[PDB]
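*Asks:* I need the structure of the sequence given here:
(4 chains, ligands or ions: 7)
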Amino acid sequence: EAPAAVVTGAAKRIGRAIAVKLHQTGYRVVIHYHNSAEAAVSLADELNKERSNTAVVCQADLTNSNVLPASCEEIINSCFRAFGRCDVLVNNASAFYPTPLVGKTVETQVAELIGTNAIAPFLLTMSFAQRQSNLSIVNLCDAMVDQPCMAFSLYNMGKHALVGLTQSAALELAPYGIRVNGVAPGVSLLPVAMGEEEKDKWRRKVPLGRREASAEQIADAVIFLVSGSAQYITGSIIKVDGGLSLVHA
Amino acid sequence: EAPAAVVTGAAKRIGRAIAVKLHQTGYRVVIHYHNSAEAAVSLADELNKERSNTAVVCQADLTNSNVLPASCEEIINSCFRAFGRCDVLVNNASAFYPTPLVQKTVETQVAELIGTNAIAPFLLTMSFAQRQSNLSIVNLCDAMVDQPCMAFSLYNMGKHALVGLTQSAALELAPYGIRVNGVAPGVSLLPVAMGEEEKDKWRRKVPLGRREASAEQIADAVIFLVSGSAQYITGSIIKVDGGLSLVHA
Amino acid sequence: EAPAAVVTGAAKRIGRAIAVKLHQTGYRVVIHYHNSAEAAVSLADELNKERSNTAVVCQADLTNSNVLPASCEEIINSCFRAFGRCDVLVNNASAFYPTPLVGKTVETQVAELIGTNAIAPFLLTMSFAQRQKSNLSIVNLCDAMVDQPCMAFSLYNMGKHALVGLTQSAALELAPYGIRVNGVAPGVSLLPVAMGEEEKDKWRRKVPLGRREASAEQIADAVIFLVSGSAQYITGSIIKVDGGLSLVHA
Amino acid sequence: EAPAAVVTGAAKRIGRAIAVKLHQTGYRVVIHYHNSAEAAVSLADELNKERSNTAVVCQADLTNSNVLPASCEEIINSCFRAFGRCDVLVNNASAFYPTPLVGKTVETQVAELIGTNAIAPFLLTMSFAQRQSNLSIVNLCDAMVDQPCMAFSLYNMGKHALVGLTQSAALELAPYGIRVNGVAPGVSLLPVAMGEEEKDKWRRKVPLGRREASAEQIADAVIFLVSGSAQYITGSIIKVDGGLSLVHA
Ligand SMILES: NC(=O)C1=CN([C@@H]2O[C@H](COP(=O)(O)OP(=O)(O)OC[C@H]3O[C@@H](n4cnc5c(N)ncnc54)[C@H](OP(=O)(O)O)[C@@H]3O)[C@@H](O)[C@H]2O)C=CC1
Ligand SMILES: NC(=O)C1=CN([C@@H]2O[C@H](COP(=O)(O)OP(=O)(O)OC[C@H]3O[C@@H](n4cnc5c(N)ncnc54)[C@H](OP(=O)(O)O)[C@@H]3O)[C@@H](O)[C@H]2O)C=CC1
Ligand SMILES: NC(=O)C1=CN([C@@H]2O[C@H](COP(=O)(O)OP(=O)(O)OC[C@H]3O[C@@H](n4cnc5c(N)ncnc54)[C@H](OP(=O)(O)O)[C@@H]3O)[C@@H](O)[C@H]2O)C=CC1
Ligand SMILES: NC(=O)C1=CN([C@@H]2O[C@H](COP(=O)(O)OP(=O)(O)OC[C@H]3O[C@@H](n4cnc5c(N)ncnc54)[C@H](OP(=O)(O)O)[C@@H]3O)[C@@H](O)[C@H]2O)C=CC1
Ligand SMILES: Cc1cc2c(cc1C)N1C(=NC(N)=NC1(C)C)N2
Ligand SMILES: Cc1cc2c(cc1C)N1C(=NC(N)=NC1(C)C)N2
Ligand SMILES: Cc1cc2c(cc1C)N1C(=NC(N)=NC1(C)C)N2
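*Replies:* Numbering: from 1, shown residues only, chains lettered A, B, ... in the order given. Ligands and ions are numbered 1, 2, ... in the order given. Right below this line is the structure:
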């Protein structure tokens, strides 16, 4: 009987790529989504047409609040309800937007950027662990956290917190046989609303090929970390950035 | 006239040593505190005896909540109301306690640990910057963040987020001439409630002299970073750890 | 036609496991060695028994010297001579022993530890790149514990740090030629056969993930990933394979 | 009696600023140099005019070779011969030039870049420690070593090695009371042969003031690390880079 995985923010883009590649490897998947209901259901439909009763959707807001723990617990519960087990958690969902130091309130900005990128991963990790084979968690990090975009403090804080979670949880969950690792893209699929000229400015900075990573390339590193070929790896973050983080100003 | 500094959690231990040292260097000081009212008032009294009208107290809970932004605005504002300027911010206040992944409600644990260690520092940084010469911010980090204590995930997340804030704010505030740096203790004054035997266990691990840092030694590094001797340093984090972080398991 | 790989220090242990997995994946290999001559020749023999003329050996001392560049060029040359191409270089060979700051001379310690761990990797990378005439890559065997080093191993540690710098520098510089450069950083893997079990257990007990050392094959699995089409966008990265060891405070 | 310091490559630029400031602080100094004999003697003359018998020169090639240990041993001996003691070692001398992977031989390139930047620091460290109040070593590192200049692999290798030495020697020498630390410039005094256009190009990248560090600014951080205000600091590398290393491509 097939293992099962939760992928957060899996309706589109990198999360969908990761859900698809896990499914093709033999996983049943929970496709978490927030606003993208149609895309989520559409993906689950495609996956179920390939193998029946192997995909489900689960809607959750991952903004920080006093109910975020309940929400995270429910996402994990959804995997146990559909599949009877939960082998892999992929923390992919991420809010990303500028929060200049010098319109959402600042309260909202902190709640969304810290909640999605860091607090929700921690609460999902807690629920995943409490409910417990090749068990692992993969966190989607950011290769450029030490050379950040100007005016993105809250986003940067959240991704650095996520690094701290990866290490702390790797350490504490190791005795339970749960590995915890990260994949850190540089530039991968560009924002939908980004103009082509602005996309090319990013592409030209990448040493390896002057192009963004495909979603599938990101997913490839996720698949490695969840596989038997990574059974000794925990607390590691693999950059998948085409050399981008190595380029000086 | 004399420059002014806000020091958070400045009633006792390291924050106290920082407040004293800045005051001895010629700063007027706001001593922020949460529960230690008697100690804070007592410190202001002692400093004011040295030089009249140079120390005040400001009480605030730095727990994350929808009122935290207003609280942080108020702290900065207290420095302006007392001293008519605010030249230095020291983010020292910190909650610290275990938050096991497998085990106060979880939402309280999040609010306290992430609020004090990261979100309060971000909001203070915003309030400080907006209100704006040798301007700088010093964040109290942690030298052991990459080799964390077992079961301290939320604390570790908060301190990693603080590293992210230090970098992101250094970059963003550099055009305004505000420097942003960190000081990362290893083992300094041990928890008052920790037994002498457990304290000795940590002391024994420290290569440089088999002892913890004094609060004064931590304050020394803060003083350097705020000084004109650090005029070109921003985005740097100075460990003050006696070599502890270099020691393998 | 099959690709070809050079693996340094490939006679035994992790270098051996790397050569074997590459060979199992379809690579032709050069097994470089220094003192383990019988093990190197027998390994290549067992590989050639599996598939004819798919393995050669090349002996070289990788101590720093004025002849080291020539040796390194010859190692790369031996891959082109045998197989007509060189797709993969694995810098695996390593000297490891204490060099306290406070039976070899210091100049010998410098030459062996900096030579094998850093200078020879640089010189091999140079010859590798220059000889290029679809998936080219270099993998450098780093060390997960380089920021929490063993007492009295300054030269070793300096060599492994330099190796980090080479991985980054060569990744940036070689990216325009489509050559990826990455690292694998073991924590504790195969401990010396001769180390007492009670000593081995001291190390094993410190590892979070299973209180055991990595197998050689576990280390090789990461190299195999980095050289594969699943890692085509990865360059300049160093994957720790340490079971959480570098996370553990003193 | 006044303490004594060895500064390598001290005839010009940053090493000169370091020797000057150490001298202004009360230290007697050994001004090591390789080719700059006139500039070295001129500097010794200025310092001895200020305080007689407080400065000496010592010539040495720091290229790697089988006699480099003897040369490093002699530099340390020259401090004992002039001053009767050796309290501080500043590893400042550095060769810097491109060594592309694709008129010096490669053997020479290796010997010069790895010897000056790494092996000579190790051998000086060894001799410093073997001949042994407030003892310390300060290594001049490089803030940009993780985002290196294209075609500078040997230089980068040497500076990364120097980080490893800083850590390993801090750990090993701590029991003897010798601290070991680093200062990592970003862009400071720009090279002798660089056009105005190219100087401005680098200046423009620096967040904090769009200018390079002064030699004195670099020296200020060295002074801090050897001072009594740094007595618990060992194994630390302080970036002095005006935020340069924080800037993405
Ligand atoms: N793409 C890139 O270039 C890079 C990506 N990364 C990281 O890789 C991962 C994937 O990147 P990418 O696919 O571009 O991510 P996206 O920006 O496309 O976001 C992924 C999903 O996050 C979900 N999400 C956003 N806000 C919330 C919220 N409040 N509650 C719940 N879910 C929410 C959304 O779900 P929905 O649509 O259902 O609302 C969204 O589809 C991220 O973690 C990202 O930070 C790192 C660096 C670069
Ligand atoms: N001591 C050490 O060994 C180490 C220290 N550090 C860092 O150095 C800094 C100072 O350390 P140390 O002096 O030991 O710290 P403490 O643990 O003594 O905490 C400092 C102050 O933080 C304040 N604080 C705690 N919770 C809150 C809250 N909810 N709202 C507002 N303020 C709050 C308290 O104020 P009050 O008393 O008024 O209630 C407390 O006195 C901290 O940031 C710490 O993380 C890092 C590594 C180790
Ligand atoms: N095993 C572990 O726990 C760890 C391993 N590593 C790294 O992993 C890699 C593989 O480790 P492992 O298999 O244990 O390494 P070994 O200690 O077994 O050494 C690997 C090979 O290096 C060769 N070598 C040594 N000196 C020279 C020299 N002067 N000239 C040429 N070749 C030489 C030897 O070849 P010969 O036998 O033919 O003389 C030896 O077999 C190394 O780079 C190592 O540093 C990192 C962390 C820990
Ligand atoms: N300046 C900057 O922007 C940056 C500097 N740094 C580091 O800061 C330190 C000082 O920088 P800077 O003053 O610009 O350095 P320089 O390039 O000016 O060199 C310092 C001295 O090193 C000596 N040196 C060079 N080769 C040898 C050799 N073979 N043997 C002995 N001594 C030798 C030279 O002495 P002589 O003149 O007597 O021949 C030279 O004057 C260096 O370690 C450098 O890497 C780091 C990053 C940036
Ligand atoms: C550089 C960079 C980093 C990113 C990033 C885009 C770019 C260009 N993304 C990040 N997170 C999320 N959630 N979405 C997007 C907008 C695609 N991180
Ligand atoms: C190792 C260690 C890390 C610390 C730490 C103590 C120890 C032993 N402290 C931290 N933060 C806060 N707020 N207080 C205290 C308890 C003093 N970090
Ligand atoms: C970026 C940069 C890094 C440097 C550097 C200059 C620049 C611009 N220098 C380095 N080391 C030595 N020895 N001299 C010089 C040339 C001044 N490192």
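*Asks:* Now chain A against ligand 1: closest residue?
*Replies:* In chain A, no residue comes nearer to ligand 1 than residue A:9, which is 2.8 Å away by C-beta to the nearest ligand atom. Where C-beta positions appear, they are placed from N, C-alpha and C, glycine not excepted.
*Asks:* how deep is that residue tucked in, by neighbour count?
*Replies:* 27 (other C-beta atoms under 10 Å in any protein chain shown).
*Asks:* what do you get for the one 5 residues further on?
*Replies:* The local packing count at residue A:14 equals 26, with neighbours defined by other C-beta under 10 Å.
*Asks:* pretty sure it contacts residue A:219?
*Replies:* Yes. Contact criterion C-beta atoms under 8 Å: residue A:14 and residue A:219 qualify, at 7.1 Å.
*Asks:* Excluding chain neighbours, what is closest to the one residue sitting closest to the centre of chain A?
*Replies:* The centroid of chain A falls nearest to residue A:92 when counting by C-alpha atoms, centre = their mean (1.3 Å). Nearest residue to residue A:92, sequence neighbours excluded (C-beta to C-beta, 6 or more residues apart in numbering or on different chains): residue A:15, at 4.1 Å.
*Asks:* tell me what the helix or strand where that neighbour lies is packed against?
*Replies:* Assigned by DSSP states H and E, residue A:15 belongs to helix A:13-25. Helices and strands touching helix A:13-25, by 3 or more C-beta pairs under 8 Å, 6 or more residues apart in numbering or on different chains; DSSP states H and E, are strand A:4-7, strand A:28-33, helix A:37-50, strand A:88-91, helix A:215-226.
*Asks:* which residue sits closest to residue A:215, ignoring its sequence neighbours?
*Replies:* Closest to residue A:215 by C-beta to C-beta, 6+ apart is residue A:17, at 3.4 Å.
*Asks:* could you list every residue that touches the one you found?
*Replies:* A:214, A:215, A:216, A:218, A:219 (C-beta atoms under 8 Å, 6 or more residues apart in numbering or on different chains).
*Asks:* For the residue nearest to residue A:188 when sequence neighbours are not counted, grab the count of nearby residues.
*Replies:* Of all residues not flanking residue A:188 in the chain, residue A:213 sits nearest, at 4.1 Å (C-beta to C-beta, 6+ apart). Using other C-beta under 10 Å, residue A:213 has 27 neighbouring residues.
*Asks:* Equivalent analysis for residue A:149, please.
*Replies:* 16.
*Asks:* Spit out the contact partners of it.
*Replies:* By C-beta under 8 Å, 6+ apart, the neighbours of residue A:149 are A:98, A:155, A:156, D:248.
*Asks:* thinking residue A:18 is in contact with residue A:221, fair?
*Replies:* No. Residue A:18 is beyond contact range of residue A:221, at 9.7 Å (criterion: C-beta under 8 Å).
*Asks:* Between the two, tell me which one has more neighbours.
*Replies:* Between residue A:18 and residue A:221, counted using other C-beta under 10 Å, residue A:18 has the larger neighbour count: 31 against 27.
*Asks:* So what angle separates the directions of the helix or strand residue A:138 falls within and helix A:13-25?
*Replies:* Per DSSP H and E: residue A:138 is located in strand A:136-140. Put simply, strand A:136-140 runs at 150 degrees to helix A:13-25, going by axes from the mean of the first three to the mean of the last three C-alpha atoms, to 10 degrees.
*Asks:* which SS state does the nearest residue to residue A:242 once chain neighbours are set aside fall under?
*Replies:* Nearest non-adjacent residue to residue A:242, counting by C-beta to C-beta, 6+ apart: residue A:208, 3.6 Å away. Secondary structure state of residue A:208, per DSSP: H, G, I helix; E, B strand; the rest coil, is coil.
*Asks:* for the one 5 residues further on, same thing?
*Replies:* Look at residue A:213: counting by three-state DSSP, its state is coil.
*Asks:* Need the single longest helix in chain A, by residues.
*Replies:* helix A:153-173 (DSSP state H).
*Asks:* just checking, next helix/strand downstream of that helix?
*Replies:* strand A:179-185.
*Asks:* so what strands line up beside that next one?
*Replies:* Strand A:179-185 has the following strand partners under DSSP bridges: strand A:136-140 (parallel), strand A:237-240 (parallel).
*Asks:* is it up against ligand 5 anywhere?
*Replies:* No. Using C-beta under 6 Å from any ligand atom, strand A:179-185 never reaches ligand 5; the gap is at least 7.3 Å.
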